[PDB]
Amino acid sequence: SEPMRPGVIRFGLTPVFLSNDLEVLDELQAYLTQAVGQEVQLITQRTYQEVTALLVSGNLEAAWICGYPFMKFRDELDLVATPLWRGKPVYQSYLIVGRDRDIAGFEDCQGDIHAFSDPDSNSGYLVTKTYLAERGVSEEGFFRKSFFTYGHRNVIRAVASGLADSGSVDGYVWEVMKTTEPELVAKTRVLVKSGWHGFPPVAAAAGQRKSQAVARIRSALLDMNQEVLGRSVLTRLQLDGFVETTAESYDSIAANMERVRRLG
């Protein structure tokens, strides 16, 4: 009950997938500082589990996490805002293979070495795990080996370089990189696209509905197109902005989590 507050407002995220990442991070840190009206520090961690645990335990004010970890810690978290990409707050998981790989569909990946992105990513893990669960298999049964690359861009590199025969990646990442690193991406192709799911949201700890810091962060995200600097960050990410959503937008993820739970 003695309150504990941080020395600065902290916004957590996982590493940005772009090549000029320090530039995007600097502009985003500047934007949020400018919009919130006091210093904001960006805290990057490698994995979704680390970002999420920091947020749940009160060591961040907000964080950009995946819908999967959000749904896992749903009672301890509140949604702040969801990104818009190509006009909509949704995205797909892609199952990718080498550009010239001679195969017809998903079942031909049996026996592959498979690159997943993060065990707490919807698009880098859970969707593919759902395909497998529905057919009575798990990654250890279906693939000869699988591994986590801890980044979507890294899945693409692992498949492009031939260390993995197939991989599971965020379809937003793959499409954005198709334009920013076209020579890299041209070494892969999309074998399977999933259904649409809610785009990875920004969330806050549930004890913080009343927090002035959370409210200002929320307005900063929602108003990000109103400022030159905010537009600049959005342009580099190819996002359109942020919108308000509710947990219902993440129901297709929760439904897949339940399908996977019911695998033996």
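Just count from 1 along the sequence shown to find any residue number.
Student: Read off the CA B-factors in the entry, average them over 25 to 33 and over 201 to 209, and name the higher stretch.
Tutor: The recorded data point to 201 to 209.
Student: Mean C-alpha B factor from the entry: is it higher for 192 to 200 or for 35 to 43?
Tutor: Mean B over CA atoms: larger for 35 to 43.
Student: Return the residue from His114, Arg74, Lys187, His152 that has the highest Cα B-factor in the entry.
Tutor: Comparing C-alpha B-factors across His114, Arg74, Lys187, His152, the maximum falls on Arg74.
Student: Of the options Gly98, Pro83, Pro119, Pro182, which has the highest CA B factor as deposited?
Tutor: So the option with the highest C-alpha B-factor is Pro182.
Student: Using the temperature factors of the C-alpha atoms in this entry, rank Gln238 within its chain: lowest, middle or highest third.
Tutor: Ranked within chain, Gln238 CA B lands in the lowest tercile.
Student: Relative to the other modelled residues in the chain, which third contains the C-alpha temperature factor of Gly87: lowest, middle or highest?
Tutor: Middle third, going by the recorded CA B-factors of the chain.
Student: With respect to C-alpha B-factor, does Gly141 fall in the lowest, middle or highest third of the chain as deposited?
Tutor: Highest third - that is where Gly141 ends up once the chain's C-alpha B-factors are sorted.
Student: Taking the values exactly as deposited, rank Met177 by C-alpha B-factor within its chain and report the matching third: lowest, middle or highest.
Tutor: For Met177, whose C-alpha B-factor we compare with every modelled residue in the chain, the answer is the middle third.
Student: Quick check for you: using the entry's CA B-factors within this chain, is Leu126 in the lowest, middle or highest third?
Tutor: Its C-alpha B-factor, which the entry lists for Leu126, ranks in the lowest third among residues of this chain.
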